[PDB]
Amino acid sequence: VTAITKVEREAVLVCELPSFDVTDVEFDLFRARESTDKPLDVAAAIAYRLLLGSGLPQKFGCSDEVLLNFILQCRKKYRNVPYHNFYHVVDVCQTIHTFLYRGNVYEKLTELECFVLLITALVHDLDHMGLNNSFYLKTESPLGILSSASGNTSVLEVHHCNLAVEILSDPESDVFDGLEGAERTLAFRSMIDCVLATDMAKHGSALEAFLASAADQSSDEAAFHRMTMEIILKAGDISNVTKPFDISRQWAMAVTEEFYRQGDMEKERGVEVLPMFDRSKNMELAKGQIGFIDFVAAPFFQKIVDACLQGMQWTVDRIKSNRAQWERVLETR
Ligand SMILES: COc1ccc(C2=NN(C3CCCCCC3)C(=O)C2(C)C)cc1OCCCCOc1ccc(-c2nnn[nH]2)cc1
Ligand SMILES: [Mg+2]
Ligand SMILES: [Zn+2]
């Protein structure tokens, strides 16, 4: 429940981000982290600039100070893990900004829905420990038992939602405190629906529902809006392969190390270790990126672009050039 101090706020406000354009599709968060000995302050400043530059917080009665308090309460609940840390959720926030404003998806949503999506990026992985839903269920960890007894197998996504509600229950960090009645309800419900939809076990069914709503000129409007928000948070979450090859590769190194640490702990517990979680298989980075592109990311981006989101064509183009580059790594090995 512990309030953000003036000194914590000042450490973010001093960062000027010289030579960076946080609105650009080629923005490099790894270069921003290396540019300073306070990468946590720079990351918080990127999020702050993105939210104020949208012009949205101003319109919904969220002060500069409440916005920065929210950003810093989110930052305190991320852990020192290789991939699911504060840098991932700031990356997802920046990426969604590009999808809304460079890919023109803002045209499909209200200003409130655009504001909720940028805020939801920063809560969507709160208190991730670098272990996936499967780890908690296979090991019968206490959180796994609660999820099973409770009837919801989205172990981590329900936990993230719980900590988001906690942050927003204090007016000093409630970016939605300017709303009342149906607008306040829509902000909380849409945020929660979006976080729950990031569970990759629901990937196929969430994509098929969005594609069927987009094809139907008589789809319920409220339902189309909600599904568009869910698909944009999902797109940000699997956007690593849509970036400049070097940025893409650094993300792939970070996620591989997190997977390998999970596999190490599964060996110690004596439970099943999948091949891509096992250090001993020594599986090549190139073959793993090509597989992720072919079976997950290329069909996802191509289908949503063709169905509805024409302005995001650059994502399909960049996945194509990244696949070709991984093929040159194999051809020359
Ligand atoms: C920068 O890179 C990556 C970024 C994110 C991921 C993820 N991955 N996951 C998945 C975990 C388990 C796999 C299932 C999906 C979800 C996440 O939750 C997340 C964390 C989204 C992964 C990144 O690197 C990828 C490494 C090899 C993956 O390789 C493959 C191959 C083949 C098929 C495949 N074949 N047939 N059907 N699927 C899938 C994946
Ligand atoms: Mg997640
Ligand atoms: Zn995520």
# chains A, B, ... in the order shown; residues from 1 in each chain; ligands from 1
>>> residues_near_ligand(ligand="ligand 2", cutoff="9 Å", atoms="only C-alpha atoms and all ligand atoms", output="list in words")
residues 84, 124, 125, 126, 128, 132, 156, 157, 160, 195, 196, 198, 199, 200 and 237 of chain A
>>> write_last_selection(atoms="N, CA and C atoms", output="PDB file, in the first residue's frame")
ATOM      1  N   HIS A  84      10.672 -11.762 -18.511  1.00  0.00           N
ATOM      2  CA  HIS A  84       9.395 -11.201 -17.992  1.00  0.00           C
ATOM      3  C   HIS A  84       9.675 -10.195 -16.872  1.00  0.00           C
ATOM      4  N   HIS A 124       0.417  -6.135 -17.405  1.00  0.00           N
ATOM      5  CA  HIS A 124      -0.054  -7.438 -17.964  1.00  0.00           C
ATOM      6  C   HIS A 124       0.791  -8.640 -17.475  1.00  0.00           C
ATOM      7  N   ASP A 125       1.976  -8.427 -16.880  1.00  0.00           N
ATOM      8  CA  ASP A 125       2.837  -9.529 -16.362  1.00  0.00           C
ATOM      9  C   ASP A 125       3.280  -9.289 -14.897  1.00  0.00           C
ATOM     10  N   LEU A 126       2.539  -8.505 -14.095  1.00  0.00           N
ATOM     11  CA  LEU A 126       2.977  -8.084 -12.730  1.00  0.00           C
ATOM     12  C   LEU A 126       3.369  -9.328 -11.915  1.00  0.00           C
ATOM     13  N   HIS A 128       5.587 -11.671 -12.351  1.00  0.00           N
ATOM     14  CA  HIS A 128       6.097 -12.866 -13.074  1.00  0.00           C
ATOM     15  C   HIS A 128       7.419 -13.332 -12.440  1.00  0.00           C
ATOM     16  N   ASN A 132       6.218 -20.589 -16.297  1.00  0.00           N
ATOM     17  CA  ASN A 132       4.930 -20.528 -17.039  1.00  0.00           C
ATOM     18  C   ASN A 132       3.807 -21.277 -16.287  1.00  0.00           C
ATOM     19  N   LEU A 156      -1.084 -17.472 -13.964  1.00  0.00           N
ATOM     20  CA  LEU A 156      -0.362 -16.194 -13.831  1.00  0.00           C
ATOM     21  C   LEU A 156      -1.282 -15.014 -14.182  1.00  0.00           C
ATOM     22  N   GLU A 157      -2.140 -15.160 -15.187  1.00  0.00           N
ATOM     23  CA  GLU A 157      -2.957 -14.034 -15.723  1.00  0.00           C
ATOM     24  C   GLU A 157      -3.933 -13.569 -14.644  1.00  0.00           C
ATOM     25  N   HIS A 160      -1.778 -11.571 -12.142  1.00  0.00           N
ATOM     26  CA  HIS A 160      -1.446 -10.222 -12.663  1.00  0.00           C
ATOM     27  C   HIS A 160      -2.655  -9.295 -12.427  1.00  0.00           C
ATOM     28  N   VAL A 195      -5.805  -8.839 -20.289  1.00  0.00           N
ATOM     29  CA  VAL A 195      -4.755  -9.599 -19.553  1.00  0.00           C
ATOM     30  C   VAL A 195      -5.085 -11.092 -19.579  1.00  0.00           C
ATOM     31  N   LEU A 196      -6.350 -11.448 -19.370  1.00  0.00           N
ATOM     32  CA  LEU A 196      -6.754 -12.876 -19.384  1.00  0.00           C
ATOM     33  C   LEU A 196      -6.511 -13.494 -20.774  1.00  0.00           C
ATOM     34  N   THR A 198      -4.058 -12.984 -22.838  1.00  0.00           N
ATOM     35  CA  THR A 198      -2.606 -13.212 -23.135  1.00  0.00           C
ATOM     36  C   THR A 198      -2.179 -14.661 -22.807  1.00  0.00           C
ATOM     37  N   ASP A 199      -3.035 -15.490 -22.173  1.00  0.00           N
ATOM     38  CA  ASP A 199      -2.737 -16.929 -21.923  1.00  0.00           C
ATOM     39  C   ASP A 199      -2.642 -17.660 -23.278  1.00  0.00           C
ATOM     40  N   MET A 200      -1.446 -18.128 -23.624  1.00  0.00           N
ATOM     41  CA  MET A 200      -1.165 -18.680 -24.973  1.00  0.00           C
ATOM     42  C   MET A 200      -1.939 -19.985 -25.210  1.00  0.00           C
ATOM     43  N   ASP A 237       2.495  -8.622 -27.296  1.00  0.00           N
ATOM     44  CA  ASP A 237       3.143  -9.691 -26.504  1.00  0.00           C
ATOM     45  C   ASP A 237       3.995 -10.633 -27.389  1.00  0.00           C
TER      46      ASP A 237
END
>>> closest_atom_pairs(of="region 97-206 of chain A", to="region 23-45 of chain A", cutoff="9 Å", atoms="only C-alpha atoms", output="JSON lines")
{"residue": "A:97", "atom": "CA", "partner": "A:23", "partner_atom": "CA", "distance": 7.0}
{"residue": "A:98", "atom": "CA", "partner": "A:25", "partner_atom": "CA", "distance": 6.2}
{"residue": "A:99", "atom": "CA", "partner": "A:25", "partner_atom": "CA", "distance": 8.9}
{"residue": "A:101", "atom": "CA", "partner": "A:23", "partner_atom": "CA", "distance": 8.4}
{"residue": "A:102", "atom": "CA", "partner": "A:25", "partner_atom": "CA", "distance": 7.9}
>>> residues_around(residues="region 54-56 of chain A", least_positions_apart="2", cutoff="12 Å", atoms="only C-alpha atoms", output="ChimeraX atom specification")
/A:22-23,47-52,58-64,67,93-94,96-98,100-101,106,110-119,175-176,178
>>> residues_near_ligand(ligand="ligand 1", cutoff="8 Å", atoms="only C-alpha atoms and all ligand atoms", output="ChimeraX atom specification")
/A:132,199-201,237-241,248-256,276,285,287-296
>>> write_last_selection(atoms="N, CA and C atoms", output="PDB file, in the first residue's frame")
ATOM      1  N   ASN A 132       6.218 -20.589 -16.297  1.00  0.00           N
ATOM      2  CA  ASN A 132       4.930 -20.528 -17.039  1.00  0.00           C
ATOM      3  C   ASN A 132       3.807 -21.277 -16.287  1.00  0.00           C
ATOM      4  N   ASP A 199      -3.035 -15.490 -22.173  1.00  0.00           N
ATOM      5  CA  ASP A 199      -2.737 -16.929 -21.923  1.00  0.00           C
ATOM      6  C   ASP A 199      -2.642 -17.660 -23.278  1.00  0.00           C
ATOM      7  N   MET A 200      -1.446 -18.128 -23.624  1.00  0.00           N
ATOM      8  CA  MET A 200      -1.165 -18.680 -24.973  1.00  0.00           C
ATOM      9  C   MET A 200      -1.939 -19.985 -25.210  1.00  0.00           C
ATOM     10  N   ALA A 201      -2.474 -20.645 -24.174  1.00  0.00           N
ATOM     11  CA  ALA A 201      -3.340 -21.841 -24.342  1.00  0.00           C
ATOM     12  C   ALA A 201      -4.644 -21.437 -25.047  1.00  0.00           C
ATOM     13  N   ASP A 237       2.495  -8.622 -27.296  1.00  0.00           N
ATOM     14  CA  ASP A 237       3.143  -9.691 -26.504  1.00  0.00           C
ATOM     15  C   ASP A 237       3.995 -10.633 -27.389  1.00  0.00           C
ATOM     16  N   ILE A 238       3.642 -10.884 -28.655  1.00  0.00           N
ATOM     17  CA  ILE A 238       4.454 -11.745 -29.576  1.00  0.00           C
ATOM     18  C   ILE A 238       5.067 -10.910 -30.724  1.00  0.00           C
ATOM     19  N   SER A 239       5.418  -9.656 -30.455  1.00  0.00           N
ATOM     20  CA  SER A 239       5.933  -8.670 -31.441  1.00  0.00           C
ATOM     21  C   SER A 239       7.466  -8.743 -31.606  1.00  0.00           C
ATOM     22  N   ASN A 240       8.179  -9.583 -30.849  1.00  0.00           N
ATOM     23  CA  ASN A 240       9.668  -9.551 -30.823  1.00  0.00           C
ATOM     24  C   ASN A 240      10.188  -9.825 -32.249  1.00  0.00           C
ATOM     25  N   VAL A 241       9.523 -10.705 -33.024  1.00  0.00           N
ATOM     26  CA  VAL A 241       9.956 -11.121 -34.389  1.00  0.00           C
ATOM     27  C   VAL A 241       9.576 -10.054 -35.427  1.00  0.00           C
ATOM     28  N   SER A 248      15.452  -8.206 -32.350  1.00  0.00           N
ATOM     29  CA  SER A 248      14.743  -9.516 -32.349  1.00  0.00           C
ATOM     30  C   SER A 248      15.617 -10.603 -31.695  1.00  0.00           C
ATOM     31  N   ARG A 249      16.882 -10.637 -32.085  1.00  0.00           N
ATOM     32  CA  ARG A 249      17.840 -11.639 -31.570  1.00  0.00           C
ATOM     33  C   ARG A 249      18.080 -11.446 -30.068  1.00  0.00           C
ATOM     34  N   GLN A 250      18.255 -10.215 -29.616  1.00  0.00           N
ATOM     35  CA  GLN A 250      18.490  -9.980 -28.163  1.00  0.00           C
ATOM     36  C   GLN A 250      17.263 -10.478 -27.354  1.00  0.00           C
ATOM     37  N   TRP A 251      16.030 -10.246 -27.834  1.00  0.00           N
ATOM     38  CA  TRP A 251      14.808 -10.757 -27.149  1.00  0.00           C
ATOM     39  C   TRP A 251      14.887 -12.293 -27.103  1.00  0.00           C
ATOM     40  N   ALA A 252      15.246 -12.933 -28.214  1.00  0.00           N
ATOM     41  CA  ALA A 252      15.306 -14.416 -28.321  1.00  0.00           C
ATOM     42  C   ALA A 252      16.331 -14.978 -27.317  1.00  0.00           C
ATOM     43  N   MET A 253      17.473 -14.320 -27.136  1.00  0.00           N
ATOM     44  CA  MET A 253      18.497 -14.749 -26.144  1.00  0.00           C
ATOM     45  C   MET A 253      17.919 -14.688 -24.730  1.00  0.00           C
ATOM     46  N   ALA A 254      17.217 -13.598 -24.411  1.00  0.00           N
ATOM     47  CA  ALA A 254      16.610 -13.362 -23.078  1.00  0.00           C
ATOM     48  C   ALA A 254      15.535 -14.414 -22.788  1.00  0.00           C
ATOM     49  N   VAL A 255      14.647 -14.730 -23.739  1.00  0.00           N
ATOM     50  CA  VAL A 255      13.550 -15.710 -23.484  1.00  0.00           C
ATOM     51  C   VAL A 255      14.133 -17.132 -23.359  1.00  0.00           C
ATOM     52  N   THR A 256      15.166 -17.472 -24.144  1.00  0.00           N
ATOM     53  CA  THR A 256      15.822 -18.809 -24.122  1.00  0.00           C
ATOM     54  C   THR A 256      16.420 -19.055 -22.736  1.00  0.00           C
ATOM     55  N   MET A 276      12.583 -27.603 -25.722  1.00  0.00           N
ATOM     56  CA  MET A 276      13.011 -26.185 -25.834  1.00  0.00           C
ATOM     57  C   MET A 276      13.287 -25.586 -24.449  1.00  0.00           C
ATOM     58  N   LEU A 285      19.476 -21.407 -31.902  1.00  0.00           N
ATOM     59  CA  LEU A 285      18.648 -20.182 -31.880  1.00  0.00           C
ATOM     60  C   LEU A 285      17.931 -20.020 -33.226  1.00  0.00           C
ATOM     61  N   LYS A 287      17.001 -22.178 -35.705  1.00  0.00           N
ATOM     62  CA  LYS A 287      15.928 -23.164 -36.018  1.00  0.00           C
ATOM     63  C   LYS A 287      14.696 -22.832 -35.153  1.00  0.00           C
ATOM     64  N   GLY A 288      14.902 -22.400 -33.909  1.00  0.00           N
ATOM     65  CA  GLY A 288      13.839 -22.040 -32.952  1.00  0.00           C
ATOM     66  C   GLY A 288      13.094 -20.780 -33.381  1.00  0.00           C
ATOM     67  N   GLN A 289      13.787 -19.748 -33.857  1.00  0.00           N
ATOM     68  CA  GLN A 289      13.143 -18.516 -34.406  1.00  0.00           C
ATOM     69  C   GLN A 289      12.366 -18.843 -35.676  1.00  0.00           C
ATOM     70  N   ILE A 290      12.920 -19.662 -36.580  1.00  0.00           N
ATOM     71  CA  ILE A 290      12.199 -20.055 -37.828  1.00  0.00           C
ATOM     72  C   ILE A 290      10.921 -20.814 -37.454  1.00  0.00           C
ATOM     73  N   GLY A 291      10.991 -21.715 -36.474  1.00  0.00           N
ATOM     74  CA  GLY A 291       9.810 -22.487 -36.050  1.00  0.00           C
ATOM     75  C   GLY A 291       8.745 -21.579 -35.452  1.00  0.00           C
ATOM     76  N   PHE A 292       9.131 -20.648 -34.582  1.00  0.00           N
ATOM     77  CA  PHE A 292       8.197 -19.689 -33.950  1.00  0.00           C
ATOM     78  C   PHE A 292       7.536 -18.831 -35.039  1.00  0.00           C
ATOM     79  N   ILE A 293       8.331 -18.325 -35.984  1.00  0.00           N
ATOM     80  CA  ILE A 293       7.823 -17.554 -37.163  1.00  0.00           C
ATOM     81  C   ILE A 293       6.831 -18.405 -37.959  1.00  0.00           C
ATOM     82  N   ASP A 294       7.161 -19.646 -38.317  1.00  0.00           N
ATOM     83  CA  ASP A 294       6.332 -20.451 -39.260  1.00  0.00           C
ATOM     84  C   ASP A 294       5.001 -20.870 -38.602  1.00  0.00           C
ATOM     85  N   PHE A 295       5.033 -21.294 -37.349  1.00  0.00           N
ATOM     86  CA  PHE A 295       3.831 -21.890 -36.716  1.00  0.00           C
ATOM     87  C   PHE A 295       3.040 -20.921 -35.832  1.00  0.00           C
ATOM     88  N   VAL A 296       3.649 -19.848 -35.349  1.00  0.00           N
ATOM     89  CA  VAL A 296       2.960 -18.880 -34.446  1.00  0.00           C
ATOM     90  C   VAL A 296       2.835 -17.485 -35.083  1.00  0.00           C
TER      91      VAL A 296
END
>>> atom_distance(atom1="CA of residue 70 (chain A)", atom2="CA of residue 10 (chain A)")
14.5 Å
>>> closest_residue(among="A:21, A:8, A:127, A:183", to="ligand 3", atoms="only C-alpha atoms and all ligand atoms")
A:127
>>> residues_around(residues="residue 223 (chain A)", least_positions_apart="3", cutoff="12 Å", atoms="only C-alpha atoms", output="list in words")
residues 109, 190, 193, 209, 210, 212, 213, 214, 216, 218, 219, 220, 226, 227, 228, 229 and 230 of chain A
>>> residues_around(residues="region 171-173 of chain A", least_positions_apart="6", cutoff="9 Å", atoms="only C-alpha atoms", output="list in words")
residues 3, 4, 65, 66, 67, 68, 69, 70, 71, 72 and 73 of chain A
>>> write_last_selection(atoms="N, CA, C and O atoms", output="PDB file, in the first residue's frame")
ATOM      1  N   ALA A   3       3.124   4.498  -0.510  1.00  0.00           N
ATOM      2  CA  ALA A   3       3.089   5.668  -1.426  1.00  0.00           C
ATOM      3  C   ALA A   3       4.453   5.955  -2.078  1.00  0.00           C
ATOM      4  O   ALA A   3       5.485   5.786  -1.423  1.00  0.00           O
ATOM      5  N   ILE A   4       4.431   6.410  -3.336  1.00  0.00           N
ATOM      6  CA  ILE A   4       5.623   6.856  -4.115  1.00  0.00           C
ATOM      7  C   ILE A   4       6.093   8.206  -3.555  1.00  0.00           C
ATOM      8  O   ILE A   4       5.230   9.079  -3.376  1.00  0.00           O
ATOM      9  N   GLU A  65       1.158  13.606 -12.139  1.00  0.00           N
ATOM     10  CA  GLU A  65       1.742  12.997 -10.919  1.00  0.00           C
ATOM     11  C   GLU A  65       1.133  11.606 -10.659  1.00  0.00           C
ATOM     12  O   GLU A  65       1.862  10.695 -10.263  1.00  0.00           O
ATOM     13  N   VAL A  66      -0.179  11.463 -10.814  1.00  0.00           N
ATOM     14  CA  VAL A  66      -0.876  10.167 -10.623  1.00  0.00           C
ATOM     15  C   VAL A  66      -0.341   9.197 -11.692  1.00  0.00           C
ATOM     16  O   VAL A  66      -0.111   8.022 -11.369  1.00  0.00           O
ATOM     17  N   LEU A  67      -0.081   9.670 -12.919  1.00  0.00           N
ATOM     18  CA  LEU A  67       0.427   8.797 -14.012  1.00  0.00           C
ATOM     19  C   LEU A  67       1.779   8.241 -13.607  1.00  0.00           C
ATOM     20  O   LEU A  67       1.995   7.025 -13.768  1.00  0.00           O
ATOM     21  N   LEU A  68       2.684   9.111 -13.149  1.00  0.00           N
ATOM     22  CA  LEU A  68       4.063   8.698 -12.785  1.00  0.00           C
ATOM     23  C   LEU A  68       3.990   7.792 -11.549  1.00  0.00           C
ATOM     24  O   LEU A  68       4.711   6.792 -11.516  1.00  0.00           O
ATOM     25  N   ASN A  69       3.114   8.067 -10.587  1.00  0.00           N
ATOM     26  CA  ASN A  69       2.945   7.188  -9.395  1.00  0.00           C
ATOM     27  C   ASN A  69       2.560   5.756  -9.865  1.00  0.00           C
ATOM     28  O   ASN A  69       3.149   4.749  -9.414  1.00  0.00           O
ATOM     29  N   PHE A  70       1.547   5.653 -10.726  1.00  0.00           N
ATOM     30  CA  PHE A  70       1.100   4.372 -11.323  1.00  0.00           C
ATOM     31  C   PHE A  70       2.296   3.650 -11.957  1.00  0.00           C
ATOM     32  O   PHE A  70       2.520   2.439 -11.670  1.00  0.00           O
ATOM     33  N   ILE A  71       3.050   4.346 -12.805  1.00  0.00           N
ATOM     34  CA  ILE A  71       4.187   3.715 -13.544  1.00  0.00           C
ATOM     35  C   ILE A  71       5.165   3.108 -12.523  1.00  0.00           C
ATOM     36  O   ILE A  71       5.615   1.963 -12.753  1.00  0.00           O
ATOM     37  N   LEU A  72       5.447   3.815 -11.422  1.00  0.00           N
ATOM     38  CA  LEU A  72       6.460   3.393 -10.412  1.00  0.00           C
ATOM     39  C   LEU A  72       5.902   2.293  -9.494  1.00  0.00           C
ATOM     40  O   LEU A  72       6.681   1.380  -9.145  1.00  0.00           O
ATOM     41  N   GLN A  73       4.594   2.279  -9.187  1.00  0.00           N
ATOM     42  CA  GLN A  73       3.971   1.130  -8.460  1.00  0.00           C
ATOM     43  C   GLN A  73       4.030  -0.150  -9.321  1.00  0.00           C
ATOM     44  O   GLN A  73       4.240  -1.260  -8.751  1.00  0.00           O
TER      45      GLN A  73
END
>>> closest_residue(among="A:7, A:164, A:191, A:235", to="ligand 3", atoms="only C-alpha atoms and all ligand atoms")
A:235
>>> closest_residue(among="A:138, A:234, A:159, A:184", to="ligand 3", atoms="only C-alpha atoms and all ligand atoms")
A:234
>>> closest_residue(among="A:57, A:328, A:233, A:129", to="ligand 3", atoms="only C-alpha atoms and all ligand atoms")
A:233
>>> atom_distance(atom1="CA of residue 315 (chain A)", atom2="CA of residue 208 (chain A)")
19.5 Å
>>> decode(residues="region 126-172 of chain A", atoms="C-alpha atoms", output="PDB file, in the first residue's frame")
ATOM      1  CA  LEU A 126       2.977  -8.084 -12.730  1.00  0.00           C
ATOM      2  CA  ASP A 127       5.063 -10.308 -10.344  1.00  0.00           C
ATOM      3  CA  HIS A 128       6.097 -12.866 -13.074  1.00  0.00           C
ATOM      4  CA  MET A 129       8.787 -15.239 -11.568  1.00  0.00           C
ATOM      5  CA  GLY A 130      10.100 -16.617 -14.971  1.00  0.00           C
ATOM      6  CA  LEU A 131       7.965 -19.831 -14.744  1.00  0.00           C
ATOM      7  CA  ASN A 132       4.930 -20.528 -17.039  1.00  0.00           C
ATOM      8  CA  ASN A 133       1.388 -21.757 -16.084  1.00  0.00           C
ATOM      9  CA  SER A 134       2.435 -25.400 -16.827  1.00  0.00           C
ATOM     10  CA  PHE A 135       5.257 -25.292 -14.173  1.00  0.00           C
ATOM     11  CA  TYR A 136       2.770 -24.434 -11.313  1.00  0.00           C
ATOM     12  CA  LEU A 137       0.260 -27.188 -12.385  1.00  0.00           C
ATOM     13  CA  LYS A 138       2.856 -30.027 -13.014  1.00  0.00           C
ATOM     14  CA  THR A 139       4.654 -29.344  -9.662  1.00  0.00           C
ATOM     15  CA  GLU A 140       1.331 -28.945  -7.656  1.00  0.00           C
ATOM     16  CA  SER A 141       2.746 -25.631  -6.278  1.00  0.00           C
ATOM     17  CA  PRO A 142       0.261 -23.791  -3.948  1.00  0.00           C
ATOM     18  CA  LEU A 143      -0.755 -21.288  -6.727  1.00  0.00           C
ATOM     19  CA  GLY A 144      -1.322 -24.327  -9.061  1.00  0.00           C
ATOM     20  CA  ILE A 145      -3.585 -26.030  -6.456  1.00  0.00           C
ATOM     21  CA  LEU A 146      -5.610 -22.770  -5.917  1.00  0.00           C
ATOM     22  CA  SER A 147      -6.101 -22.357  -9.748  1.00  0.00           C
ATOM     23  CA  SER A 148      -7.195 -26.030 -10.139  1.00  0.00           C
ATOM     24  CA  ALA A 149      -9.533 -25.891  -7.064  1.00  0.00           C
ATOM     25  CA  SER A 150     -10.817 -22.477  -8.316  1.00  0.00           C
ATOM     26  CA  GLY A 151     -11.605 -23.662 -11.863  1.00  0.00           C
ATOM     27  CA  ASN A 152      -9.336 -21.208 -13.757  1.00  0.00           C
ATOM     28  CA  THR A 153      -6.132 -22.672 -15.351  1.00  0.00           C
ATOM     29  CA  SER A 154      -4.840 -19.137 -16.296  1.00  0.00           C
ATOM     30  CA  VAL A 155      -2.548 -19.271 -13.170  1.00  0.00           C
ATOM     31  CA  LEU A 156      -0.362 -16.194 -13.831  1.00  0.00           C
ATOM     32  CA  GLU A 157      -2.957 -14.034 -15.723  1.00  0.00           C
ATOM     33  CA  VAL A 158      -5.421 -14.083 -12.750  1.00  0.00           C
ATOM     34  CA  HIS A 159      -2.460 -13.190 -10.397  1.00  0.00           C
ATOM     35  CA  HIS A 160      -1.446 -10.222 -12.663  1.00  0.00           C
ATOM     36  CA  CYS A 161      -5.115  -8.942 -12.624  1.00  0.00           C
ATOM     37  CA  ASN A 162      -5.179  -9.196  -8.776  1.00  0.00           C
ATOM     38  CA  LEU A 163      -2.081  -6.961  -8.389  1.00  0.00           C
ATOM     39  CA  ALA A 164      -3.433  -4.452 -11.010  1.00  0.00           C
ATOM     40  CA  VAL A 165      -6.716  -4.015  -8.980  1.00  0.00           C
ATOM     41  CA  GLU A 166      -4.547  -3.506  -5.801  1.00  0.00           C
ATOM     42  CA  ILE A 167      -2.504  -0.635  -7.457  1.00  0.00           C
ATOM     43  CA  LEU A 168      -5.709   1.078  -8.741  1.00  0.00           C
ATOM     44  CA  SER A 169      -7.520   0.877  -5.303  1.00  0.00           C
ATOM     45  CA  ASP A 170      -5.333   3.846  -4.085  1.00  0.00           C
ATOM     46  CA  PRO A 171      -6.470   7.214  -5.657  1.00  0.00           C
ATOM     47  CA  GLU A 172      -2.780   8.438  -5.767  1.00  0.00           C
TER      48      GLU A 172
END
